[PDB]
């Protein structure tokens, strides 16, 4: 195929509402789980021609995947996709919308930025327990609300391979290194200038573009819609900026 200079998953597959949804992981180190259920929600819709149009549950993955790390303390990407393939994941929206089988138990909050929600602060919740029961008002049993994938894989550390993967199969999960200057991000194309490493983060790459010739990836963060560019940010593309091209994980439903 021929890679266009820009691409936006939200515009190619506008029926799939999840693609344009920005979630909030709250006072929980569950970024690994959010980039996963987000992109799986997207891919379930894309690769099924719109048939599954759902919001997969972040708390189901977070709480039940023992091989994925330590829940709100952090986790690993590849295993989250293996869990989706082997056990599947039920539906579940944010806490506020309280929809689907298992909605998120934690409230929106501001992640080192100004806005309408309360500050998150530094305190971290304990990982919720693996319930395996839907909320009472949801009319399907847990076991049967499960959405499974068929494969899971890493994507080659190559810009063009990542681009081809996104355009054909949909948004991907990716890890990158967080430096202190990322916490002051409001807008623009980000790149590490100042600050020391605070860890890694896991997000959803949904596209790319170019602004006055500067190439970037377009990425959905999980710190709610008040953060960055309406919940999204942009980061230098093509230089493995903060290892943005090195920890790409995805999977297919068929």
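Heads up, when I say rigid core I mean the largest set of C-alphas that superpose within 1.5 Å between the two forms. Residue numbers count along the first chain shown, from 1.
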Review point. Is 136-144 or 149-157 the stretch whose C-alphas end up farther from this model in 7 other deposited structures of this protein after a rigid core fit?
Key: 136-144
**Study point:** Entry-level comparison of average CA B-factors, 53-61 and 197-205, reporting the higher stretch
**Key:** 53-61
Review point. Going by the B-factors listed in the PDB entry, is the mean over the C-alpha atoms higher for 102-110 or for 165-173?
Key: 102-110
Exercise for review: Determine which member of 221, 48, 187, 41 has the highest CA B-factor, using the values in the deposited entry.
Suggested key: 48
Review point. Residue 225's Cα B-factor: lowest, middle or highest third of the chain?
Key: middle
Check your understanding: What third of the chain, by the recorded C-alpha B-factor, contains residue 179?
Key -> lowest
Exercise for review: Would you check the entry's CA temperature factor for residue 28 and let me know if it's in the chain's lowest, middle or highest third?
Suggested key: middle
**Study point:** Third of the chain, ranked by Cα B-factor, where residue 68 sits
**Key:** highest
Point to revise | residue 75, C-alpha B-factor rank within chain (lowest, middle or highest third) | key: lowest
